[PDB]
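I have placed the structure first, in the form of structure tokens, so that the comments after it can refer back to it.
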Amino acid sequence: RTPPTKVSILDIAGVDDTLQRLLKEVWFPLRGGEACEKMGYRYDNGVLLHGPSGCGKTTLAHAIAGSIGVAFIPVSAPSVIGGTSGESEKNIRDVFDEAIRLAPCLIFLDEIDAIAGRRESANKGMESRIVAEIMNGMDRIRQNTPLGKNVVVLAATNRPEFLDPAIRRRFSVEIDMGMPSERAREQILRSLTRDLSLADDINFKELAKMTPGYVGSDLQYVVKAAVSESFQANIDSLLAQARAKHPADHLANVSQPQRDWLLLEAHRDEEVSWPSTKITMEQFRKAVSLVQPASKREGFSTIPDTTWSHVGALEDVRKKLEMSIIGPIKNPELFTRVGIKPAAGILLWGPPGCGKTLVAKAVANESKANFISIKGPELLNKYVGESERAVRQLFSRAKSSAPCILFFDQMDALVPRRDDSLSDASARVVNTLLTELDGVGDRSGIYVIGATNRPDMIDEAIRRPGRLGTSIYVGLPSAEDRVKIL
Amino acid sequence: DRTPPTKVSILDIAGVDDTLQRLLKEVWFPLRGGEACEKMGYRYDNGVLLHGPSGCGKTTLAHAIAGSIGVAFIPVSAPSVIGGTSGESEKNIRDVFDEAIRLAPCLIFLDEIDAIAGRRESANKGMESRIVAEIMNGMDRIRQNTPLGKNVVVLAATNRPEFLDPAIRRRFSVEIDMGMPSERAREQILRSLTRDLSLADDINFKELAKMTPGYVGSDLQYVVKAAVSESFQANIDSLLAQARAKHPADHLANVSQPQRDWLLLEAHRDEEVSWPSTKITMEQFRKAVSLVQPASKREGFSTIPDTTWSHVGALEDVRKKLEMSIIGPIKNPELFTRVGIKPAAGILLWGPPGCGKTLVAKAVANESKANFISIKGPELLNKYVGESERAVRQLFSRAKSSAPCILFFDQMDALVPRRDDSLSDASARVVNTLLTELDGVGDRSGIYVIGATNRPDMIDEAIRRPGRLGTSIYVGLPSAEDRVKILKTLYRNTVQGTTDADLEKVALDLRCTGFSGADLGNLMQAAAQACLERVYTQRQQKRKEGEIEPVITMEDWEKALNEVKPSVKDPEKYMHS
Amino acid sequence: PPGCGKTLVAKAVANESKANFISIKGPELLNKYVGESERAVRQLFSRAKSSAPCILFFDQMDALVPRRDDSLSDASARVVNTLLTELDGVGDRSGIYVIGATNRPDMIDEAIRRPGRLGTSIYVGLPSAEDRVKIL
Amino acid sequence: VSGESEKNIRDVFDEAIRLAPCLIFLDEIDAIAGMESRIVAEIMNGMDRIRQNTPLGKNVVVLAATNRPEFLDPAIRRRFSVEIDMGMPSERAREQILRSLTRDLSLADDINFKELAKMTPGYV
Ligand SMILES: Nc1ncnc2c1ncn2[C@@H]1O[C@H](COP(=O)(O)OP(=O)(O)OP(=O)(O)O)[C@@H](O)[C@H]1O
Ligand SMILES: Nc1ncnc2c1ncn2[C@@H]1O[C@H](COP(=O)(O)OP(=O)(O)OP(=O)(O)O)[C@@H](O)[C@H]1O
Ligand SMILES: Nc1ncnc2c1ncn2[C@@H]1O[C@H](COP(=O)(O)OP(=O)(O)OP(=O)(O)O)[C@@H](O)[C@H]1O
Ligand SMILES: Nc1ncnc2c1ncn2[C@@H]1O[C@H](COP(=O)(O)OP(=O)(O)OP(=O)(O)O)[C@@H](O)[C@H]1O
């Protein structure tokens, strides 16, 4: 038997355009059987969902299957591989025959990337005949369906690149469930905290405005952390009661948290009830800080703990940076209304010891946004392939976790002047950096801050506006500025 | 077994007129002219090989041909014969071949023959080799066991002829390439697909053919499926409205609109209603065409920039050249071909930074309304030795397939370095491959290459030789009067004292001599920043020490002009040598 | 001047000699293979010797042997030495003669220009007005 | 011809040297000299045994033909130092091989194979 699930649409939100298009594309073939029979047209389709991991594809498919209510066959990627050389080939055929026989139905091929990888990149025979068997059978439903009861093939992957373009041509309606936006994130938060005793003073808009780039799973983890924060007080009460019942002066002298664990063993079977309470907004503010976003791919250095109180004098540069980066980052609406794009950034220059690095670190700390630091020319790699892919991947993360502040320290070595043919590895990283800074492809939300001591060694194609071109002199403080800085 | 069914007819397939005509003298004749060969006394031991883009109808073509001919046929698929127990695969192959010989004459179709007859070197199993040799030996058994009156031809189809073992590929003497359908072929296949559909007479199939350059048969099948879905979308709305009105309380779920509609759909489920057989309008086809774009969605084409000519000021000469060289021929090829301007290989922009070569290229890509590919610097180089040039070859194959297309080699300095010195050696195989592939794309092919750079001295001088990108269009610093138009356009792209009569005064100031387009943009941004700074003073004095006004004042431009300097210093270094 | 009518000049000599005419389109023989890069050169001369008499055309001569002021690229050295050996082996009586074509004499390997090997440098002129009429 | 074909080649070679003089030819030797490595080892041992076991007055020559010299084993390449160049086929050769293609073909009397070869310079 292949019954539906119980994950009804109320658990999915923020994908209204995707949800409506999938409605128009999938609901009709599974409910227009009368319409198709009247038209006499063999209507079946293959819909494939691709995008960032955790956007909800595996749950969107389950919700759709539950809503439709027709027979639905969960078919995971590795549950189809058998022992003997040919058992899996017959297993795929059996799956498709079970689908076609019990029509109409919905087929979900979860993680199709693993079993339907590119044949040229996987020349071992077994997965080759697996891909060939899927290719052969997928047209069997198109040819041999009894008209009135068709079948739709649905699949979800976190990566479509390794998918065979041959099998990709079969799947017509490709839907890109991208990373949710602010309005989408607020709706997702509401949908997740639909059935929680949440406090009446909650502001979902305040949450959404401070969620730069989280994903549905990230918001799920936010809710989960908030739940535990709400019960921390009751855990403390239980700990106090356990301490009180068995004082023995002190059960241990090793430490307090370890003594807590040792005490919690002393009861185990002693069941206790946990009363609940409304989850406070401050608890949500704490939980979002405790949980780490999906952008934790070791590419965002910890924010420096240097506020403006750590820098003295430098009023002009501080005001200019407040106007240029701190301004738009804190009140984007005001700057957008005037018509100012996300600033390309600032290229600091001056003699060493003037504190430009400290000013940049202070700006990064004040922004209260995701920050990326690059310790000089660490991007360059021995292999030719990675030397540019590192920069492109860095900018991909920066765009995906917008807004973000980029701090390329010591432009001098990372991007030397390419006017004359000096070297080859650097001559390509400079070109890819120029292409990424203002070439084709939007980068709203990226601010590039560079510091160097040799302004006349960077390619003049970079000091141009649209890239970090607004250079700011930072030099020796005057006689009176020394009093303030000291 | 026995004979194929008539589930698919010749009418069901179209757009293969040349292929079908060539195949007529290759499969039909040595199945009905068996008496002709018997009197001729000539054995026909050859294999017809079908190859082309995926979904060109090879699987349907084989079934249609088999049904039309009517001779006994056994469908043989690559996974359909592989067995678990050892020797069962040879048993299957030999028994199928013996049945074919016994029931002569017959046709044999081997779908996805590449999936079996691949490469024996890449896999070490001793089970694929027995089959790759059994194909050969059974083929020879047909070569021997024929009475010269009942000859058997084997048909093989695949989407990757290269992946086949060349030893097997040698004896498939005739390889038939069902290439990408042309303009008339797409119109014919569209008619064949919409043979059984109710269509209003206002539909112009010429427009539909003209709007689908890079499409395959399966592509148009998906397009017509989308058209049918759009046709029934109206009844979908009617049913949704009726169901929503049926339910009480007006509003039931305040979660979201589409989710509420989904819930209401399951709320009744069995309340089916008659589905009107509405006619498909041409507007529905136009809508459906813009959605479904497969066979070219494999990350090969970037999103089209949303920059029209309204986003660029001045630059009338380069715009005229681009319109008359690239934009024009795509829109109306016949007029240009009559005057002797074939689809060019492309052009090569070059100039100091800040002029807007990238902006011009993006605008041309947007106005062309064709498939666009952007190569962001050296995205082709790979750590593996055999991938760096394979990327270039695959890119040009994709560009050739989806004609017309625009290839944008931004910052070619990283792709075609001046190799007068020993700057690089492992990238020589890249520039050589790029030159070979550029020479492989000829006139009337439909591929245009647009490249830009900041240093004309870094690009290899072999590029500028004709045939390759030899049409160099220079873009320099805009003149004093051009800055007026540039400022007007940029301010029109911002959103009140606009006061366009003072834009010339601002631009023509002696402090604004050597700025470029990006430099005027920076000056405008600085003026807006000065205005916003004044906003803080006004808000913190009139209100805090006693409103909101984003209107830019004239004095702000003068204030910002002092603190802004030209970006490029010596363009003479950039333009000559 | 660039490669406007060098193929015409080579083909006229081939036609008057009434021998075989084999041409290589510059940067085509050099592909991702390095072992077979010299093998292709060897095979071309082998077939030319088999089909003697023959004339061999190398347009865009820069694509094979630029100036080796810096003999760093090992594959380039492997190609140039093998090509020099094969062309030097058969230049007197075998009936095979190789034609070198390029745009500038000064971007070719120096070890070729000296006598014995391809040392005969000939300047091809631009078409005249009467030629220009036919070209139009 | 994985051990049984090697025994068959031993059967051929031992009788060839035993029944001397004799002519031995192995057609498409490349396709079985890439099991095949065992075939190459058998060929090496056989050529050595012909070198050492010949009566010195009645020997046998291992003759072979390959569609591509590069496919053969480099050791076989050095051992097979005797080469004969079958270059561009002659006009008479092309005409006669055309007639050797058309034995059982039902052809009219108008065929003149002489001119076809004369206008077939670049074919094999
Ligand atoms: N857009 C979303 N709206 C609501 N919940 C979401 C969303 N995306 C993810 N979730 C939550 O994430 C959990 C399941 O996510 P799941 O792993 O299925 O996502 P996915 O995008 O399909 O992942 P993958 O592509 O890696 O399979 C559930 O708790 C679900 O509520
Ligand atoms: N204006 C300033 N305010 C506060 N501290 C300062 C200032 N200028 C310098 N310092 C102090 O001196 C040091 C400056 O180090 P920093 O990394 O900022 O140098 P830099 O001039 O940017 O040079 P480098 O290019 O080597 O990074 C720090 O210890 C910092 O505390
Ligand atoms: N010329 C054509 N006439 C009619 N239908 C066509 C044509 N070309 C493609 N189609 C349609 O597109 C699909 C082609 O599927 P099919 O399996 O036959 O393709 P293929 O070229 O054999 O591909 P593959 O090599 O992946 O098997 C079918 O739905 C068929 O109706
Ligand atoms: N003539 C112009 N008209 C309008 N906007 C312009 C003009 N010139 C520059 N700009 C603006 O400044 C930006 C300059 O970036 P762009 O990449 O187009 O410059 P470029 O001079 O072609 O140099 P490069 O491509 O080498 O970076 C443009 O994207 C656009 O926003």
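Numbering starts fresh at 1 for the residues of each chain in the structure tokens, the chains themselves are lettered A, B, ... in the order given, and ligands are numbered from 1 as they appear.
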*Output the neighbourhood of ligand 4 as a ChimeraX atom specification, that is, all protein and nucleic acid residues with some atom at most 9 Å from the ligand, counting only C-alpha atoms and all ligand atoms.*
/A:434-435,437-440,461-462,464-467 /B:310-315,349-362,410-411,452-455,475-478,482-483,485-487,489-490,516-522
Kindly assemble as a tab-separated table a list of the chain A residues that lie within 6 Å of ligand 2, each paired with its nearest atom pair and their distance in Å to one decimal, using only C-alpha atoms and all ligand atoms, sorted first by chain and then by ascending residue number.
```
residue	atom	partner	partner_atom_place_in_ligand_line	distance
A:310	CA	ligand 2	4 (C)	5.5
A:311	CA	ligand 2	3 (N)	3.4
A:312	CA	ligand 2	3 (N)	4.3
A:352	CA	ligand 2	21 (O)	4.1
A:353	CA	ligand 2	21 (O)	3.2
A:354	CA	ligand 2	21 (O)	3.8
A:355	CA	ligand 2	18 (O)	3.4
A:356	CA	ligand 2	22 (O)	3.9
A:357	CA	ligand 2	22 (O)	3.7
A:358	CA	ligand 2	18 (O)	4.0
A:485	CA	ligand 2	3 (N)	5.5
```
*Using only C-alpha atoms, find the residues of chain B whose closest atom to chain A is at most 6 Å away, then write them as a list in words.*
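Close to chain A, chain B has residues 54, 79, 83, 84, 123, 258, 275, 294, 295, 353, 376, 377, 381, 382, 383, 414, 423, 494, 518, 550 and 567 of chain B.
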*Given a cut-off of 9 Å, which residues of chain C touch chain D, counting only C-alpha atoms, written out as a PyMOL selection string?*
chain C and resi 47+49-51
*For ligand 1, list the contacting residues at 9 Å or closer, counting only C-alpha atoms and all ligand atoms, as a PyMOL selection string.*
chain A and resi 10-15+49-62+110-111+156-159+177+179-180+184-185+187-189+191-192+215-221
Selection to disk with N, CA and C atoms, as a compact mmCIF listing (two decimals), in the first residue's frame:
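Written file, out.txt:
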```
# COMPACT_ATOMS: atom_id res chain seq x y z
N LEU A 10 -0.08 23.57 5.72
CA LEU A 10 0.09 24.57 6.78
C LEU A 10 1.52 24.62 7.30
N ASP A 11 2.32 23.59 7.06
CA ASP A 11 3.71 23.56 7.52
C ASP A 11 4.68 24.13 6.50
N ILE A 12 4.20 24.62 5.36
CA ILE A 12 5.05 25.19 4.33
C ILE A 12 4.51 26.56 3.94
N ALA A 13 5.39 27.55 3.87
CA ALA A 13 5.00 28.90 3.50
C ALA A 13 6.20 29.61 2.87
N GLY A 14 5.97 30.83 2.40
CA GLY A 14 7.01 31.64 1.80
C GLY A 14 7.36 31.28 0.37
N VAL A 15 6.66 30.33 -0.24
CA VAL A 15 6.95 29.89 -1.60
C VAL A 15 5.70 30.07 -2.46
N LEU A 49 12.72 19.98 -8.76
CA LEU A 49 12.99 21.11 -7.88
C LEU A 49 14.48 21.15 -7.56
N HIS A 50 15.10 22.30 -7.81
CA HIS A 50 16.52 22.48 -7.52
C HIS A 50 16.71 23.80 -6.79
N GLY A 51 17.74 23.85 -5.95
CA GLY A 51 18.04 25.04 -5.19
C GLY A 51 18.90 24.74 -3.97
N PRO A 52 19.07 25.74 -3.11
CA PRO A 52 19.87 25.53 -1.90
C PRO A 52 19.26 24.47 -0.99
N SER A 53 20.13 23.77 -0.28
CA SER A 53 19.68 22.72 0.63
C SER A 53 18.92 23.32 1.80
N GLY A 54 17.91 22.60 2.27
CA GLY A 54 17.10 23.03 3.39
C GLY A 54 15.96 23.97 3.05
N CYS A 55 15.74 24.27 1.77
CA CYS A 55 14.64 25.15 1.40
C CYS A 55 13.27 24.49 1.55
N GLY A 56 13.21 23.18 1.76
CA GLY A 56 11.96 22.50 2.00
C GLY A 56 11.47 21.59 0.88
N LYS A 57 12.32 21.24 -0.08
CA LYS A 57 11.89 20.41 -1.20
C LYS A 57 11.36 19.06 -0.72
N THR A 58 12.12 18.39 0.15
CA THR A 58 11.70 17.10 0.67
C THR A 58 10.39 17.18 1.45
N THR A 59 10.11 18.31 2.08
CA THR A 59 8.83 18.52 2.75
C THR A 59 7.76 19.09 1.84
N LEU A 60 8.14 19.91 0.86
CA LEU A 60 7.16 20.40 -0.11
C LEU A 60 6.54 19.25 -0.88
N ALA A 61 7.37 18.29 -1.31
CA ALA A 61 6.84 17.14 -2.04
C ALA A 61 5.90 16.33 -1.18
N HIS A 62 6.27 16.11 0.09
CA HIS A 62 5.40 15.36 0.99
C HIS A 62 4.08 16.08 1.22
N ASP A 110 13.55 10.98 -4.46
CA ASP A 110 14.35 11.86 -3.62
C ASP A 110 15.83 11.69 -3.93
N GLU A 111 16.55 12.81 -3.94
CA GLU A 111 17.99 12.84 -4.17
C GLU A 111 18.38 12.08 -5.44
N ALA A 156 13.68 15.81 -6.24
CA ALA A 156 14.26 16.95 -5.55
C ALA A 156 15.73 16.68 -5.28
N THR A 157 16.58 17.62 -5.68
CA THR A 157 18.01 17.54 -5.43
C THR A 157 18.51 18.88 -4.92
N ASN A 158 19.59 18.84 -4.16
CA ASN A 158 20.29 20.04 -3.72
C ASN A 158 21.37 20.47 -4.70
N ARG A 159 21.56 19.72 -5.79
CA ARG A 159 22.59 20.00 -6.76
C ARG A 159 22.17 19.41 -8.10
N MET A 177 13.71 26.94 -6.20
CA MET A 177 13.31 27.38 -4.86
C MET A 177 14.52 28.03 -4.19
N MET A 179 16.75 30.97 -1.92
CA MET A 179 16.78 31.29 -0.50
C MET A 179 15.67 32.27 -0.16
N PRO A 180 14.89 32.02 0.89
CA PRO A 180 13.75 32.88 1.19
C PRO A 180 14.17 34.30 1.54
N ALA A 184 9.27 36.29 2.97
CA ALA A 184 9.17 34.84 3.04
C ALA A 184 9.61 34.32 4.40
N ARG A 185 10.69 34.88 4.95
CA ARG A 185 11.19 34.41 6.24
C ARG A 185 10.18 34.68 7.35
N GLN A 187 6.89 34.82 7.07
CA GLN A 187 5.82 33.85 6.92
C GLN A 187 6.25 32.46 7.36
N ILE A 188 7.50 32.08 7.06
CA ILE A 188 8.00 30.78 7.50
C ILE A 188 8.05 30.72 9.02
N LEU A 189 8.51 31.80 9.65
CA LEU A 189 8.55 31.84 11.11
C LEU A 189 7.15 31.70 11.70
N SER A 191 4.56 30.20 10.27
CA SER A 191 4.10 28.84 10.01
C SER A 191 4.72 27.86 10.99
N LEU A 192 6.01 28.02 11.29
CA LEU A 192 6.66 27.13 12.24
C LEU A 192 6.14 27.36 13.66
N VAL A 215 17.79 29.96 6.32
CA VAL A 215 17.05 29.05 5.46
C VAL A 215 15.96 28.43 6.33
N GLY A 216 15.03 27.68 5.73
CA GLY A 216 13.94 27.10 6.51
C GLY A 216 14.43 26.22 7.65
N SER A 217 15.43 25.38 7.38
CA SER A 217 16.01 24.58 8.46
C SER A 217 16.66 25.47 9.51
N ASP A 218 17.25 26.59 9.09
CA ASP A 218 17.83 27.52 10.05
C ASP A 218 16.76 28.09 10.98
N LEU A 219 15.61 28.47 10.42
CA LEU A 219 14.53 29.00 11.25
C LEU A 219 13.95 27.91 12.14
N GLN A 220 13.90 26.67 11.64
CA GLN A 220 13.50 25.55 12.48
C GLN A 220 14.43 25.41 13.68
N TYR A 221 15.73 25.54 13.45
CA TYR A 221 16.69 25.48 14.55
C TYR A 221 16.53 26.67 15.49
```
*Nearby residues (only C-alpha atoms) at most 10 Å from residue 4 in chain C, same-chain spacing under 2 positions excluded, as a list in words*: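 Listed by chain and then number, they are residues 466 of chain B; 1, 2, 6, 7, 8, 126 and 127 of chain C.
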Take the residues from that selection and put them in a file with N, CA and C atoms, as a tab-separated table (two decimals), in the first residue's frame.
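The resulting file, out_10.tsv, is reproduced below:
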```tsv
chain	number	residue	atom	x	y	z
B	466	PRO	N	41.48	38.99	-39.03
B	466	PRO	CA	40.10	38.74	-39.47
B	466	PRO	C	39.74	37.27	-39.45
C	1	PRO	N	51.92	40.63	-45.37
C	1	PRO	CA	50.57	40.92	-44.88
C	1	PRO	C	49.93	39.67	-44.31
C	2	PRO	N	48.78	39.80	-43.63
C	2	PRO	CA	48.12	38.61	-43.07
C	2	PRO	C	47.70	37.60	-44.12
C	6	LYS	N	48.05	33.62	-49.25
C	6	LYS	CA	49.21	32.73	-49.19
C	6	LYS	C	48.86	31.33	-49.69
C	7	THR	N	47.64	30.87	-49.39
C	7	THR	CA	47.21	29.56	-49.87
C	7	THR	C	47.18	29.53	-51.40
C	8	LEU	N	46.82	30.65	-52.03
C	8	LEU	CA	46.86	30.71	-53.49
C	8	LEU	C	48.29	30.56	-54.00
C	126	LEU	N	50.95	42.50	-51.69
C	126	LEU	CA	49.51	42.72	-51.68
C	126	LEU	C	48.96	42.68	-53.10
C	127	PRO	N	47.68	42.35	-53.25
C	127	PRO	CA	47.08	42.34	-54.59
C	127	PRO	C	47.05	43.73	-55.20
```
*Distance criterion (only C-alpha atoms and all ligand atoms): nearest to ligand 3 out of B:239, B:115, B:531, B:255*: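 For ligand 3, the nearest of the given residues is B:115.
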Ligand 3 neighbours within 8 Å using only C-alpha atoms and all ligand atoms, as a compact mmCIF listing (two decimals) with N, CA, C and O atoms, in the first residue's frame:
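File selection33.txt, as written:
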```
# COMPACT_ATOMS: atom_id res chain seq x y z
N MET A 135 16.03 5.96 -17.68
CA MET A 135 15.73 6.64 -18.94
C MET A 135 14.71 5.85 -19.76
O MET A 135 13.77 6.43 -20.31
N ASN A 136 14.89 4.54 -19.84
CA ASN A 136 13.97 3.70 -20.59
C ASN A 136 12.58 3.70 -19.96
O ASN A 136 11.57 3.84 -20.65
N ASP A 139 9.94 6.88 -20.08
CA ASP A 139 9.07 7.00 -21.23
C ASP A 139 7.98 5.93 -21.26
O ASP A 139 7.00 6.09 -21.99
N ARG A 142 4.83 7.45 -20.10
CA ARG A 142 4.29 8.34 -21.12
C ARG A 142 3.58 7.56 -22.22
O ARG A 142 2.53 7.99 -22.71
N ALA A 166 20.91 14.51 -20.21
CA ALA A 166 19.94 13.64 -20.88
C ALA A 166 18.70 13.42 -20.01
O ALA A 166 17.57 13.52 -20.51
N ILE A 167 18.89 13.13 -18.72
CA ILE A 167 17.74 12.97 -17.84
C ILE A 167 17.16 14.33 -17.48
O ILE A 167 15.97 14.45 -17.16
N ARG A 170 14.35 15.32 -19.74
CA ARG A 170 13.06 14.69 -19.43
C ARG A 170 12.22 15.56 -18.50
O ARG A 170 11.01 15.70 -18.70
N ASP B 12 2.58 10.71 -36.73
CA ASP B 12 2.90 11.15 -35.38
C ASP B 12 4.28 11.79 -35.28
O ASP B 12 4.57 12.41 -34.25
N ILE B 13 5.12 11.67 -36.31
CA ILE B 13 6.47 12.22 -36.29
C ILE B 13 6.64 13.12 -37.51
O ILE B 13 6.13 12.82 -38.59
N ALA B 14 7.36 14.23 -37.32
CA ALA B 14 7.61 15.18 -38.39
C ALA B 14 8.95 15.86 -38.15
O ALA B 14 9.62 15.61 -37.14
N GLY B 15 9.34 16.73 -39.08
CA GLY B 15 10.59 17.44 -38.98
C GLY B 15 11.82 16.62 -39.30
O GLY B 15 12.94 17.09 -39.06
N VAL B 16 11.65 15.41 -39.82
CA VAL B 16 12.77 14.52 -40.11
C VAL B 16 12.73 14.14 -41.59
O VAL B 16 13.11 13.03 -41.97
N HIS B 51 22.12 9.03 -34.06
CA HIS B 51 22.76 9.84 -33.03
C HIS B 51 22.32 11.28 -33.19
O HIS B 51 22.03 11.74 -34.29
N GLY B 52 22.28 12.00 -32.07
CA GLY B 52 21.89 13.38 -32.06
C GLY B 52 21.58 13.87 -30.66
O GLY B 52 21.83 13.19 -29.66
N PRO B 53 21.02 15.08 -30.56
CA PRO B 53 20.62 15.60 -29.25
C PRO B 53 19.55 14.71 -28.62
O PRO B 53 18.75 14.08 -29.30
N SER B 54 19.57 14.66 -27.29
CA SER B 54 18.61 13.84 -26.56
C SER B 54 17.19 14.33 -26.82
O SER B 54 16.90 15.53 -26.79
N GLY B 55 16.29 13.37 -27.06
CA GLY B 55 14.89 13.69 -27.27
C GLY B 55 14.52 14.11 -28.68
O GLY B 55 13.43 14.66 -28.87
N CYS B 56 15.38 13.87 -29.66
CA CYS B 56 15.02 14.20 -31.04
C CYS B 56 14.03 13.21 -31.63
O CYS B 56 13.71 13.35 -32.82
N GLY B 57 13.53 12.25 -30.87
CA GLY B 57 12.54 11.32 -31.37
C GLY B 57 13.08 10.00 -31.88
O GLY B 57 12.34 9.28 -32.55
N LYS B 58 14.34 9.67 -31.59
CA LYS B 58 14.91 8.42 -32.08
C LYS B 58 14.12 7.22 -31.59
O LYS B 58 13.85 6.29 -32.36
N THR B 59 13.74 7.21 -30.31
CA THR B 59 12.95 6.11 -29.78
C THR B 59 11.60 6.01 -30.48
O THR B 59 11.13 4.91 -30.81
N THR B 60 10.95 7.15 -30.71
CA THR B 60 9.67 7.14 -31.43
C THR B 60 9.88 6.86 -32.91
O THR B 60 9.03 6.22 -33.55
N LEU B 61 10.98 7.36 -33.48
CA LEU B 61 11.25 7.10 -34.89
C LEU B 61 11.43 5.62 -35.16
O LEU B 61 10.92 5.09 -36.16
N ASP B 111 18.36 0.37 -28.23
CA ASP B 111 18.24 1.68 -27.61
C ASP B 111 19.33 1.89 -26.57
O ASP B 111 19.64 0.98 -25.79
N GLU B 112 19.91 3.09 -26.57
CA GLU B 112 20.98 3.45 -25.64
C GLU B 112 22.11 2.43 -25.69
O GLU B 112 22.55 1.89 -24.67
N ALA B 157 20.60 3.38 -31.66
CA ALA B 157 20.38 4.79 -31.40
C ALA B 157 20.98 5.16 -30.05
O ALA B 157 20.92 4.38 -29.09
N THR B 158 21.54 6.36 -29.99
CA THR B 158 22.14 6.88 -28.77
C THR B 158 22.24 8.39 -28.90
O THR B 158 22.10 8.95 -29.99
N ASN B 159 22.48 9.06 -27.77
CA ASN B 159 22.67 10.50 -27.75
C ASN B 159 24.13 10.90 -27.59
O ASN B 159 24.44 12.09 -27.54
N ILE B 189 6.58 20.35 -36.92
CA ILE B 189 6.41 19.52 -35.73
C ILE B 189 5.36 20.14 -34.81
O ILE B 189 4.61 19.42 -34.14
N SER B 192 2.09 19.07 -36.27
CA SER B 192 1.86 17.66 -35.99
C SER B 192 1.44 17.45 -34.54
O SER B 192 0.54 16.65 -34.25
N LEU B 193 2.09 18.15 -33.60
CA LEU B 193 1.69 18.05 -32.20
C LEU B 193 0.28 18.60 -31.99
O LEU B 193 -0.53 17.99 -31.29
N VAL B 216 14.03 21.61 -29.32
CA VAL B 216 14.02 20.25 -29.82
C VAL B 216 12.57 19.77 -29.83
O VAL B 216 11.66 20.47 -29.37
N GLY B 217 12.34 18.57 -30.38
CA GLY B 217 10.99 18.04 -30.43
C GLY B 217 10.36 17.91 -29.05
O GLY B 217 9.20 18.30 -28.84
N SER B 218 11.11 17.36 -28.09
CA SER B 218 10.61 17.28 -26.73
C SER B 218 10.35 18.67 -26.16
O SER B 218 9.43 18.85 -25.35
N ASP B 219 11.15 19.66 -26.57
CA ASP B 219 10.92 21.02 -26.12
C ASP B 219 9.54 21.51 -26.54
O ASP B 219 8.78 22.05 -25.72
N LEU B 220 9.19 21.29 -27.80
CA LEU B 220 7.89 21.73 -28.29
C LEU B 220 6.76 20.90 -27.69
O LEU B 220 5.65 21.41 -27.49
N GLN B 221 7.02 19.62 -27.41
CA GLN B 221 6.02 18.81 -26.72
C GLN B 221 5.71 19.39 -25.34
O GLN B 221 4.55 19.49 -24.94
```
*asked:* Can you work out which residues from chain C touch chain B at a cut-off of 7 Å (counting only C-alpha atoms) and hand them back as a PyMOL selection string?
replied: chain C and resi 27-28+31-32+73
Mind dumping the selected residues with C-alpha atoms as a PDB file, in the first residue's frame?
```pdb
ATOM      1  CA  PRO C  27      47.276  25.873 -34.386  1.00  0.00           C
ATOM      2  CA  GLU C  28      45.367  22.667 -35.148  1.00  0.00           C
ATOM      3  CA  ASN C  31      45.969  19.712 -28.978  1.00  0.00           C
ATOM      4  CA  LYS C  32      45.696  18.556 -25.362  1.00  0.00           C
ATOM      5  CA  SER C  73      58.434  24.794 -22.387  1.00  0.00           C
TER       6      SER C  73
END
```
*Which residues in range 13-45 of chain D does DSSP call alpha helix (DSSP H)? List them as a ChimeraX atom specification.*
/D:13-18,36-45
Emit the selected residues as a short mmCIF file (atom, residue, chain, number, x, y, z; two decimals), in the first residue's frame, including C-alpha atoms.
```cif
data_model
loop_
_atom_site.label_atom_id
_atom_site.label_comp_id
_atom_site.auth_asym_id
_atom_site.auth_seq_id
_atom_site.Cartn_x
_atom_site.Cartn_y
_atom_site.Cartn_z
CA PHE D 13 54.47 -22.36 -34.06
CA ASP D 14 55.88 -25.72 -32.93
CA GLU D 15 54.54 -27.43 -36.05
CA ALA D 16 55.69 -24.50 -38.20
CA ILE D 17 59.29 -24.87 -37.02
CA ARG D 18 58.90 -28.66 -37.13
CA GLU D 36 46.13 -10.01 -25.28
CA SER D 37 49.17 -9.49 -23.04
CA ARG D 38 49.43 -13.27 -22.73
CA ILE D 39 49.27 -13.37 -26.54
CA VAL D 40 52.18 -10.90 -26.70
CA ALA D 41 54.18 -13.00 -24.24
CA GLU D 42 53.47 -16.10 -26.34
CA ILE D 43 54.61 -14.26 -29.48
CA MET D 44 57.84 -13.23 -27.74
CA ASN D 45 58.53 -16.79 -26.56
#
```
